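Okay, handing you the structure first.
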């Protein structure tokens, strides 16, 4: 189901997953 | 920049039509007119931002650049040509060449 | 700070000399008010206000750049619910005489940093120190105990001064005397 | 490296006087009292106490430089009342008021405990 | 040589330190520290006065 | 004597271009006998005034009855009689400009004394008969008292 | 230190917070700055005016 | 040409802070009494640390820094001991100092919490604030580390360093209603009412008062734990009286010398 | 965990109180 | 997806799952020119004046454009760009605990701060930059005013009692090499 | 004849500095060029290069 | 790295309160109530328990021996 | 011997652009290690007290010491020959404080006056007659400042907020707004002091003081001004905060209405251009005239918003006080902070199309609207949209690049200028020549 | 200073003003020398200043707007001559560096 309105908290969970899976210096 | 062919045209004031160029007027009017035009251009470009510079400094620059008849350039190709002295030319630029 | 408000500590006063709020809260840093409008750093004021409301509440606040739910009015309303002015201004007292300041000073918590540019690492002096080997002139660099360079612009400025005697001394007497 | 210590703010140095009197020449009956190793604590109360006295025409102190520990107090009274006795009376009666304030605070405390 | 050691040289009795405001000093005064003052010297001629 | 002027006034308008400051206001007052204008600026905070009130303004060169022409300095310790004992609002200033309707041939008929009491201004505009005691660069007082009527 | 738990890192005088990705030459942390250049195998048509050519097809 | 008769009334007397009110006195006296409360209050504190073996992770100076900020109760000791600078002996004599000792070494597997309780003082009454609430944590040691040292305490005042600052924060406030106009509120309705404000909730501020002097100065001296608040007030007033007496004596000597 | 549940209850409360939003210090672009 | 991701760490769920599911997608600088990017999912799609109504993608969060030093800046948009740049370049010079195992390293010119507190207001981006675990400053009670005058042209006045209590008190190392 | 500054000493003064240095770029254009087109922040640097973080000197 | 002994601004002892603050946050209490349950009224002293970072644990992870 | 108090040195900053960059100073040792100097002397050196560095040379001959004392000194070198105006002026918080100190509604008691007189190095020792004897002795800021002014100076200046429509009509010599500075016999009479009278401008009060009285008199004047105004600022106090940045909640309505009107106008212009009605303005093409019209509309909207914001401020506001004092700021700063930032132009034009015919991927192609080309509709107080944030970053980068290339070019320009007229001087024959004895001007400056 | 009080009839004959202005125009010299070329150059150089001095100092303006007395006018002439003498360009001043 779509996530209307309640999206500010779910906006940063994907960010947390990305930074957990790939590090900040992952490109090097 | 034509000036020369413009002043000859009729219905054109041959007294107030300047040229906004330094080298051009020296081949049309004369060295003194070049000095005056350079003074006016300097005053225009220095007073555009609302600042003020005393006229004595502008006149002193204009005379120094129009002292030897020809328009001596402030660069290494106009000031080192003057018969000042070998010791003064090397200070600014072209040390080993002038020495 | 975290907004570009650099500066160097001018003087340090004791707690008795610092001003204070209606209670015993003396400011720790006092920046120039004049640095705000020219630099246009309202974010610093917003950070101070949110730090105050966070300290009163007791939990870290959010300072996300784009949030669509963090304005000044709502923060001011939150701050007004703790006995403090909604805009963050407070009444201080003159630390010397004890008289209230006519203007309501703006005091509040703010996150400040410290750079490594200490004065002890930059202060330097010289009095006939060591001399180089190629050209008998003072060295260069604080570590090597060298002298400052009297650049050509300084020479031009002194010549504009017409102080030929000082220029002679500076270029010959205190640079490299030789016969 | 050259930060001054902490004792040079209250402790006198050998040869340095605690108080020096210097008469002014611009107006009659005016002396500048220079106090050493003190701050606004010992000058503001004296300034106000002098202000209370009606015979004191002028009264006010300053700090020549905050890092340096010195204050200059300028006093100007009527020609029939020297500023030395004005300063002495101000100090004496300020001491009396402080002692009375102490005694009242102490009795109030001793009465407040179980009373 | 010309621009490196003749028109601009390196000079002794020099100093370089950070700066701070001090309105209590006059426009013609300068708040030097003690270390630089003690490191520095001024050759004065002896005279019975 | 030293009474450079004496007349009853009454206030008709207060800050007519809108109050600018917070402790001073314009008093566009009028006379009752000499028919002269008044643009006095009083400290509304310590001495409030409302419209319709009348007061006895007396420009005097000195505060002493005998007129000894005090040098000018604050000397609170003075037991000599002072005219300010019967006034609720006294000020001290220095007139700086006396403008009038002069012409090249015939003398003026209406002058305008401009006095500045260290920042508070006043224009005592009117005829050129009762302003003979005003000269430029001279110290003057105000000596007003509100009338209970 | 490939996929090593924080326990060993702490025991090996290191921290798990160190980003890594830096060489150690002569006991000095060396890092390679990512240089950028013009993309290869792509046709570029510039219009240099301070020359004799109106257009130039660089690749 | 004389001074006034101030009055005192205590509103709250506790073992942590006192809220008293001083009436019929000048502002300068009140502000000076405040600044003496903060700066010029004799009190004992750690000022000389001899570290013999410090195997902790923190710096060698960090231990001394933290030990300097540990308060010490001086209810009846500060008035007896003399300033170390004016002592007439060598070494920190117990007549003009108090000795401390700390010897902790983490032997068991769990980490130690070296608190102020480990400071074993030679004197019974000069002890950190642990009599009658946990203790000031100095450092944390782990199995294999140790911290042995001994320090001496001396008398000082806040003007010298912040270690000798007994009061936490003095809440000095006078004239709660803005009657003397010493501060001008652009929008008085937007400000909250002072704790000691007697005005109702309708009017925002009291009306102007031309002939009015500042009185009724409020105080909230808050003790850190070393000295009692009323003891702080008494000590500060006594010190101000002593300073005034010394100034009077110096002035008298200067006048007679001339 | 408590911060997470705090965020969720803050979001649901913000969704609940959708009566009116009249605020001066906010705006957003609207092209065409 | 949000429910399955919020229960990560515990089971095994990670970003690779989102990429494989077909929800996110890597668009490079060259392809970003041929897609209708959208800023927020809710605001820019509800129903209004017909702008494009053909959005193909949508950004995660607008604040993610910021880099490393700029992210720690609270409320960057409330300040002028040059001051944000000055803060960002100057953040790298802020001292503090630069690494936990500093006592083992023997680097040259190492600075460490005694009490590196955490900002009272933290952006949602610095949660991953690891700033809160290794901060580079202390929250001070700053009162913007001109108390005496020693803080007028970009200067500050600090509290002597605060410095005595350990306010921004740091340490300075200097290693040497010789064999 | 080769490039310079490709390998730099990693500034370990603070964790933020280490983070910035490990993810830093450098253009091969000559230092202090008269032109001003490459230095200007281009529109295409949206979400790829920080529009604020940059030095303020000649570079 | 470690809790300070006194608040920089005020001077109240806060060193003897970090462990108690952790315990009160541990049981059920949250920060906004824990701070005034401990006895911190002024907002200047409340940063010491909120802004402080506890880096001494990581330092203790590097045990010298055993 | 070591450097002692009273010695003469030469304090200098590393960039010596002009003659007002190396002046002598008297020595005064202080405990801490930081060079110190009066804030008024900061304007010539262009220092900023933010970690700057200033050298300090010391002569080693009584001849050179006396020469520096007589030629290169601060009190002597107040007026520059480049623009014959003072270089050292009150351009800091002292300026705003003295401006507020000289307002009509300033009253001081015997204690406050009597404390301020202590910070006077030229006081004659006589208390001036108070401006208001009864009901209580009250001085006025202008009366106290009159004792600051040395000698008998006479000058006339105008205040920053002086309405032009006031000299022509009545109330010329009696200004309701306390403007039209008038000084007679070195006593302030009217007006409120600002940069126009105390700052670095031709005919300023300090300029008149230096021209009439001696250099030492002007030095004492500066010292007394600073020592009195800074000390009174303790009682007054100056600050800035959110309370000084909030509008009255109606100005927001006016600003929003104006912005909406401007958006509607630019949309109408775009529609007319699309349907081929906007004829090309003379001297320009269709795109050029379209862009000029859009820029003019945006500038008019920004000016209207700024004017509405300014007229809605209060006398207690700090931004307005500091702008009218001229110490630091301007009206455009207040406009950008409250009303609206404005257009983020680059290279003298709007934001270009970096991508294919669109600025950013968010905006659609052929979107010439204001918000899609750099027009920042929001303000720093109410946050910014990310797109306008990026455009503002572009503008800041443009400014920084311009500053860097200027700092690279002006040095070479100055070097070439100095090296061409280095030997020119005025000989004792009252004529200007050069090293070759060639006459350039029979009289200096003609 | 002299308390002119511009309301009363002043005592300053116009001939006094004329002779004073003429003598002051003689005293202020730039090109020293009696030589006709020297006098011509002196007149040319100090031309605008003399014109301004004559324009400000008249017989009508001095008796309608200034009302100066004889002593006041003499002091004015002395002050003007001293200030003009001080305003002269000091020989040996590096005007090239100043202009640059």
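In this document, chain identifiers A, B, C, D, E, F, G, H, I, J, K, L, M and N correspond to the written order of the chains, with residue numbering beginning at 1 in each.
Operating definition for what follows: a residue touches a chain if its C-beta (ideal position, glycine included) is under 8 Å from a C-beta of that chain, and two chains touch if they have at least 3 such contacts.
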| item | value |
| --- | --- |
| Middle chain, criterion being Cα centroid separation | C |
| Comparison of F-N and C-D (more C-beta pairs in contact) | C-D |
| Averaged-CA centre spacing for the pair subunit M and subunit I, given as whole angstrom | 43 |
| Distance from the mean Cα position of subunit L to that of subunit I, given in whole angstrom | 32 |
| Inter-chain centre distance, subunit A versus subunit C - centres from mean C-alpha coordinates, in Å | 38 |
| Residues within subunit F bordering two or more other chains | 22, 46, 76, 137 |
| Touching two or more other chains - residue numbers and ranges from subunit L | 1-2, 4-11, 30, 42, 44, 47, 50, 58-59, 61-62 |
| Interface hub residues of subunit A, defined as touching at least two other chains | 5, 8, 24-25, 27-28 |
| Sites on subunit C touched by subunit I in the complex | 68-69, 71-74 |
| Sites on subunit L touched by subunit G in the complex | 58, 61-62 |
| Residues of subunit L touching subunit J in the complex | 1-2, 4-9, 11, 44, 47-48, 50-53, 55, 58-59, 61-62 |
| Residues of subunit C that touch subunit M when the two form their complex | 6-8, 10, 32-38, 40, 42-43, 45-46, 49, 65-66, 70-72, 76, 85, 87-89, 92, 94, 96-97, 99, 101-106, 117, 119-120, 122-123, 148, 150-154, 156-163, 165-166, 169-170, 173-174 |
| Residue ranges of subunit M touching subunit N (in the complex, touch as defined) | 19, 81-82, 152, 414, 417-418, 420-430, 432, 434, 442-446 |
